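Taking the form deposited in one PDB entry, here's one chain by itself in structure tokens.
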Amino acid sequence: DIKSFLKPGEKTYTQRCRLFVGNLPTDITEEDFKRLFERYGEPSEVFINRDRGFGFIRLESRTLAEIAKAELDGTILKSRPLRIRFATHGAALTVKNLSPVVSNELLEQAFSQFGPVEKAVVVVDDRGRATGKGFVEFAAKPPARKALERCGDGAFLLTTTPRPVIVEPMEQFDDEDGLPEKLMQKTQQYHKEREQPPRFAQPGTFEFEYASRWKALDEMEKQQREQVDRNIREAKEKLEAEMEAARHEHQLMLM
């Protein structure tokens, strides 16, 4: 028997345990595919597209999936290196405008009204203070869509203070494979752009004069965005004062 490596409170066989496996031999059988991952315990999902040379496998815990990926990624099968990556999460949402009293557990509890939640996290900075952002990953897409639609139409509240949660699909980006040089076409535009090597703009040159103008443009964008942040703080301060006055008004109307 193999260890599960489940972490405290971790749900089993979640989408975070799902691995994409590419560049498989066309001779790949479902039994041989299972065999490759046998050391990582029982899988709950096993899919293989023999002709397309790819498959999916779901392991019990995030740790077993990290181990399987670390150990098997790049392994040579019938002269080809295997490509193993975590499967893109199909039901992940980003949450914004969270109160600092919202914990991972409260966010999970709140979002479970929409359907089963695999995980919910309140994001904290290096100091361990709430950023106001978080994420919610559902077991399936219909609950994620329900949470997206309902939180967009209505005002979903997690606390006494009617601070509404902002819900958006989680942005997915690859910071793993990126843009390899070998897959970049050596066109004339590539050549014109790659002609000059990485360098610091030389004082007294046309490059330096223009790079200083680009620095100026970056500085104008920073100023303008900070000016919007300022307008928003003034408006938020105004809204808070108006609502405290409106709270007193609402309460004083009642017998």
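For clarity, a rigid core is taken as the largest C-alpha set superposing within 1.5 Å between two forms. Numbering starts at 1 and runs along the sequence shown.
A second form of this protein, the form deposited in another entry, is not displayed here; the remarks below concern that form.
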Item to complete: Compare the position of the CA of residue 70 between this form and the one not shown after a rigid core fit and state whether the shift reaches 2 Å.
Response: yes
Worksheet item: After a core superposition, would you say residue 32 shifts its C-alpha by at least 2 Å between this form and the one not shown?
Response: yes
Discussion item. Superposing on the rigid core, is the Cα displacement of residue 186 between this form and the one not shown 2 Å or more?
Written reply: yes
